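Residue-level structure breakdown
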Amino acid sequence: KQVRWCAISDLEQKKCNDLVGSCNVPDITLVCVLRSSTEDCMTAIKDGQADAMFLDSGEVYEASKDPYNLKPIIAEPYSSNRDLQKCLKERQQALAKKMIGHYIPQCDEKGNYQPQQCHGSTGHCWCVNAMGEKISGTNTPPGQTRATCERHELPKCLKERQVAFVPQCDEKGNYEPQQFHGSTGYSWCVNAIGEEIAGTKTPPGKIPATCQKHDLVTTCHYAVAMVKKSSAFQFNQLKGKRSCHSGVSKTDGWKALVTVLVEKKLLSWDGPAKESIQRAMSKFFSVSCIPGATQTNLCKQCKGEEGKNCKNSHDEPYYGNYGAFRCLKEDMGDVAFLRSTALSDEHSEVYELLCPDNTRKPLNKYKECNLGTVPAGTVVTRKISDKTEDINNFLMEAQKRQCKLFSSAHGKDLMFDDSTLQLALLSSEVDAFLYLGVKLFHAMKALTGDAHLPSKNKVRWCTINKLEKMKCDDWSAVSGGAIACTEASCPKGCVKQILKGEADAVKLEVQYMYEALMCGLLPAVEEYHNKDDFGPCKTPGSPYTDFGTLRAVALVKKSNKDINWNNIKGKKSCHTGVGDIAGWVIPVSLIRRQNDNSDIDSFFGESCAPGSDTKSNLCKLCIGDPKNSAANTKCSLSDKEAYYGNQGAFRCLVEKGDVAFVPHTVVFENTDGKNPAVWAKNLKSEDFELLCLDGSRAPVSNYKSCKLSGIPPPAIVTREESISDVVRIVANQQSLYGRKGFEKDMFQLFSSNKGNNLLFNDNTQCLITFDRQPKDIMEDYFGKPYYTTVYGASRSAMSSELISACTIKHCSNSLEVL
Ligand SMILES: NC1=N[C@@]23[C@@H](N1)[C@H](COC(=O)NCCCCCCNC(=O)c1ccc(C(=O)O)c(-c4c5ccc(=O)cc-5oc5cc(O)ccc45)c1)N=C(N)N2CCC3(O)O
């Protein structure tokens, strides 16, 4: 009902009051809370005095910690080579605007961009590629011969696959990060456009380099140092010069400059714990104006009146990018540190750029003459996110109603960056770490002084609940300084903690490994489940035969001799539940491979898969809880469904089903003599068979050959630099706390009075070290069957916020490179 925006200056207050007066959003009233600086506004948000503000990207990290605890919620989206169905989305966005006579993009029936795009209000037309980028020069006004538009959509990867080393592309035609040459055994990493990254080519038999994912994005901004052409100094002569800065906490005014200076060995500085950055900067420059600074000389060149001087606020006339430009223009500094948004061609006669290679270049060369790329600022609120919905609704309705959000007659860059075109809602999972990305988050953490000093003799294990926390505390009290404990809420949280340097290693099931392998984490050890061969556990190096890995199989009855793999369409099937690997991952992936229609909702007849749509075919004949008529527990992803789990799917097969997609074990767990006493009392394993991929049948004991696929073992993973430091300690803690260890009467690693299946699965025999083979990490872990079946041997099969945070953003002037 109400949204309070915090303004840091008088001009922002005027713009916010103008928006309150002019922008009319139904059921939401805007309120303008005035503060004197950016930090005061962050504090007012922390105290519940305000609701949301806009922060520079560099200010995000310090915003996620005491005494602020804020999180980014609303950010400007960028265009990339990963945007699928961009035309339909942009047309829907344009049609949602309460305005007449604007450009609504035109798509075809399939949903792609029509090669010719016209602006109906003006009559102008132009040509456009697959991503909607205007072909240069094709803009024609009405009454003039139109430019004939061609069809430019064939990506570079598929075009290089033709006329042919054969590159590997994904399902969308993008370059896979890892390229493997078939003629000569070589592996390397490539750019988002296919350019080979240096230092990644590896001969055969050698472990390939881990390739990182790349996304090609456009409309990037940079941190630049502007100077006047009348001056003559270069970059390595900034010592003792007068400097103008946009702000002490902004990337384009401080952080990028600090990074470049410390890498070029120009700034005499010890460390964040030994000396503050501001002291080294005060000793570096002579007199400067750096808004928000705490050293007097770094505030001498500012023009703010008494009580307004050197504040992170437009009350200081030298604050911001345009403030730093005015600082340079009025001859109070020799170099301004700002963002490429403040550049213009009207300044290309008096001003130029100061590049870190000790040369000067004109402004238009800012892509080759900068201090680094600057990510877009974001609208942040309290981490508890008690107002995110109202703020989002207000901003979205203000954008749809064409309110003056990103411009003002009172000034520039007020409330938001003027360069902003559109604000979108971020996923609730996005914190400062997910917003900045792994590398940039670690850079901010090291710059602020929170960089963890790694210890090569202590492993920080990450837990997912209080029971695992208790077991880990036992292990830490009994380990003698070798094991410490961190707490998280889920395995993905532990992966995030490891990527942030807050933890060291954690155990993950297979369904969590993909993202973990996408972010550069390597499997340190793996659980061994062979309960009949202790050989590999008693002495390392013993060649293991079976790792105890489960094998997904399609179990049928000997009675029905008409169910083969090539006629499972329309048959009644049973699943353990939506999400399970052997129950609803291997079979659905296989079916989606062979049947190009790709519709499991209509593939089977009346299948029973707990967790699907209660009205769909995947939820029929599921008897949910026999003696509970006061509730409707059909298709429940819990034990309230009698056909849930391995035993539940086996009962579904026994009672009403034809085939069950289950691990190979349940057949022996509910037949023979080892069986329950309800529906499997006189059942035998010799009355069932397994369906093989070639369309034949096999006995149940033939699961090592007649199987759908194999499941990789749960992997205990860590970072690369910690690999050699983890495994050792594991061994050191296994021979003491394993199943046949020296101190197994003090703590058993694979059992606990605190709970079942804590830290590791309680049926684990031991932890075998990962033998790194010279092939792809994804392949080496999953197995080429599993890889090619589930993820199609592609790094683009899944997309999440964590994967985006582990992706390099390759800037480019356009996506026209195809
Ligand atoms: N670094 C590393 N990696 C392994 C390994 N150590 C351990 C697991 O080792 C064990 O536990 N012992 C069992 C194997 C010991 C060797 C016995 C001879 N077997 C193979 O050499 C073999 C290995 C992997 C695969 C695979 O599936 O890719 C296949 C295999 C095929 C290869 C090409 C092809 O067209 C078809 C294939 O078809 C299959 C069909 C099947 O039906 C069943 C298996 C295959 C064959 N843990 C991991 N997480 N790893 C990750 C990947 C990995 O497996 O290499």
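Procedures and definitions
Residues numbered from 1 in each chain as written, not as in the entry; some residues may be left out. Heavy atoms only, no water. Disulfide = S-S within 2.5 Å. UniProt positions renumbered as here; feature names shortened; annotations may be inferred. Helix = DSSP H or I, 4+ residues; strand = E, 2+ residues; numbered from the N terminus. Buried < 20%, exposed > 50% of the residue type's maximum accessible area, 1.4 Å probe, protein only. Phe/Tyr/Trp six-rings, centres within 6.5 Å; stacked < 30°, edge-to-face > 60°. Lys NZ or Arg CZ within 6 Å of the ring centre and 35° of its normal. Near = heavy atom within 4 Å. Polar contact = N/O pair within 3.5 Å; in protein donor to acceptor, adjacent residues only side chain to side chain. Areas by Shrake-Rupley, 256 points an atom, 1.4 Å probe, with all protein chains shown as cover. Nonpolar A, V, L, I, M, F, W, Y, C, P; charged D, E, K, R; others polar. Pairing = 2+ DSSP bridges. Contact = heavy atoms within 4.5 Å. Axes fitted to C-alpha atoms, helices over the stretch in contact; angles between N-to-C directions. Salt bridge = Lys/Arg side-chain N within 4 Å of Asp/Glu carboxyl O. Core = buried A, V, L, I, M, F, W, Y, C linked by side-chain atoms within 4.5 Å. Domains from an automatic or database assignment. Buried area = accessible area lost by both parts, 1.4 Å probe.

Per the PDB record, this model was obtained through X-ray crystallography at a reported resolution of 2.6500 Å.

Further remarks concern the UniProt feature "disulfide bond" in the protein. Between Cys 299 and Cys 310, where UniProt records a disulfide, the sulfur-sulfur distance comes to 2.0 Å, consistent with the annotated bond. One end of the pair, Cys 299, is in the loop between β12 (288-289) and α8 (320-329); the other, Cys 310, is in the loop between β12 and α8, with 11 residues separating them in the sequence. The pair formed by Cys 299 and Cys 310 is uniform in burial state, with each residue classed as buried. Of the UniProt disulfides, the one joining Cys 574 and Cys 652 is intact in these coordinates, the sulfur pair sitting 2.0 Å apart. With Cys 574 in strand β23 (residues 573-575) and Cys 652 in helix α19 (residues 645-655), this residue pair connects regions lying 78 residues apart in the sequence. We classify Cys 652 as buried; its relative accessible area is 0%.

This brings us to the packing of aromatic side chains. Scanning the entire structure with this criterion turns up 28 aromatic pairs. Between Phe 406 and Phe 416, the ring centres sit 5.7 Å apart and the planes meet at 85°, which makes this aromatic pair edge-to-face. With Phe 406 in the loop between α9 (388-400) and β17 (424-425) and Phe 416 in the loop between α9 and β17, this residue pair connects regions lying 10 residues apart in the sequence. Per residue, the accessibility class of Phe 406 equals that of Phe 416, and both read buried. Pairing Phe 604 with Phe 661 gives two aromatic rings, centres 6.0 Å apart and planes at 65°, and the pair type is edge-to-face. Remark: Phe 661 occurs in strand β24 (residues 659-663) and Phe 604 occurs in the loop between α18 (600-603) and α19; sequence separation between them is 57 residues. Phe 604 gets classed as buried once you look at its relative accessible area, which sits at 4%. Its end group placed over the ring of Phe 233, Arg 360 keeps NZ or CZ at 5.1 Å from the ring centre. Sitting above the plane of the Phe 534 ring, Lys 740 keeps its charged end 4.3 Å from the centroid.

What follows deals with the site of the ligand. Around the ligand lies a shell of 14 residues, among which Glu 526, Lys 707, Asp 771, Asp 780 and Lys 784 are the nearest. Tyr 781 is positioned such that a nitrogen or oxygen atom in its backbone is 3.2 Å from a nitrogen atom of the ligand. For the ligand, whose free accessible area comes to 970 Å², the fraction covered by protein is 51%. Broken down by secondary-structure element, the contributors of at least two residues to the shell around the ligand are α22 (777-782) and α23 (784-791). Here the shell around the ligand gets three residues from one element, more than from any other, and that element is α22. Within the shell around the ligand, the residues separate by chemical class into five nonpolar, three polar and six charged.

The strands that make up a sheet are held in pairs by hydrogen bonds between backbone atoms, and each pair lies either parallel or antiparallel. Spatially, the four strands line up as an open sheet ordered β3-β16-β4-β17, and their pairing is antiparallel. Of all strands in the sheet, those bounded by a partner on one side alone are β3 (53-55) and β17. Across five bridges, the pairing between strand β4 (residues 70-75) and strand β16 (residues 378-382) is antiparallel. If you follow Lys 71 over to β16, its bridge partner there is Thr 381. Strands in contact with helix α2 (residues 38-46) are β3, β4 and β16; relative to β3, the strand with the most contacts, it is inclined by about 130°. Strand contacts of α9: β4, β16 and β17, with the helix running at about 25° to β4, the strand carrying the most contacts.

Once that is clear, we can look at the pattern of salt bridges. The full count for this structure, using the stated rule, is 39 salt bridges. Across the salt bridge formed by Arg 382 and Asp 386, the nearest N and O atoms sit 2.8 Å from each other. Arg 382 sits in the buried class, given a relative accessible area of 11%. With a closest N to O distance of 3.9 Å, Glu 397 and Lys 400 form a salt bridge. Taken together, the residues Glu 397 and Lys 400, both in helix α9 and three residues apart, mark about one turn of the helix. A residue is classified by how much of its surface remains accessible, and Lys 400, at 29% relative accessible area, is partly exposed.

Ordered by their spatial adjacency, six strands build an open sheet running β12-β11-β13-β10-β14-β15, and the pairing between neighbours is mixed. Edge strands, defined here as strands with exactly one partner in the open sheet, are β12 and β15 (360-361). Sheet topology note: the strand β14 (residues 351-354)/β15 ladder contains two bridges and is antiparallel. Looking across to β15, one finds that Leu 353 is bridged to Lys 361.

Moving on, we come to the nonpolar core. With 65 residues, the main nonpolar core has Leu 499, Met 513, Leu 708, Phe 782, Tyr 786 and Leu 802 as its most contacted residues. Among residues more than four places away in sequence, those in contact with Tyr 786 are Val 510, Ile 581, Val 585, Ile 586, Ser 709, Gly 710, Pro 712 and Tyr 791. Core analysis: the second largest hydrophobic core is formed by 53 residues, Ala 293, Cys 302, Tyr 318 and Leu 343 among them.

Here we come to the side chain of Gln 234. With respect to the helices and strands, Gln 234 occurs in the loop between β10 (223-228) and β11 (243-245). With a relative accessible area of 18%, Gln 234 lands in the buried category. A polar contact of 3.4 Å, which involves the side chain of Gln 234, links it to the backbone nitrogen of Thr 359. Other than its neighbours up to four places away in sequence, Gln 234 contacts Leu 354, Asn 358, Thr 359 and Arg 360.

Attention shifts here to the domain arrangement of the protein. With domains assigned, the protein is organised as domain 1 (2-79 + 377-443), domain 2 (223-368), domain 3 (459-547 + 712-782) and domain 4 (551-710). One C-alpha centre belongs to domain 1, the other to domain 3; they are set 42 Å apart. In this assembly, five residues from domain 1 lie in contact with four residues from domain 3. Roughly 460 Å² is buried in total at the junction of domain 1 and domain 3, and carbon and sulfur atoms are behind 68% of that figure. Inspection of the region where domain 1 meets domain 3 yields zero salt bridges. At the boundary of domain 1 with domain 3, the tally comes to zero residue pairs in polar contact. Residue classes in the side of domain 1 that touches domain 3 are distributed as three nonpolar, no polar and two charged.

On inspection of all chains with the given rule, the structure shows 21 disulfides. Sulfur-sulfur distance for the disulfide between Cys 118 and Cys 125 comes to 2.0 Å. Residues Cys 118 and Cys 125 are joined by a disulfide whose S-S torsion is about 105°; by sign, that bridge is right-handed. Since its relative accessible area comes to 24%, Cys 118 is described here as partly exposed. Here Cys 619 engages in a disulfide with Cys 635; their sulfurs sit 2.0 Å apart. Linking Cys 619 and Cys 635, the disulfide has an S-S dihedral of approximately -90° and is accordingly described as left-handed. One end of the pair, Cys 619, is in the loop between α18 and α19; the other, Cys 635, is in the loop between α18 and α19, and 16 residues separate them in sequence. For the pair shown, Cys 619 and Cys 635 are each scored as buried. As a non-bridged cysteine, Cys 490 has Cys 494 as the owner of its nearest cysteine sulfur, 7.6 Å distant. Taking relative accessible area as the criterion, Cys 490 reaches 22% and is therefore assigned partly exposed.

Tracing the backbone shows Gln 422 in the loop between α9 and β17. Judged by its relative accessible area of 26%, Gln 422 falls in the partly exposed class. In sequence terms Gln 422 and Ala 223 are 199 residues apart; their C-alpha atoms lie 22 Å from each other. If sequence neighbours within four positions are ignored, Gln 422 has contacts with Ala 75, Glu 76, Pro 77, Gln 93, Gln 399 and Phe 406. At a separation of 2.8 Å, a polar atom in the side chain of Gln 422 contacts the side chain of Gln 93.

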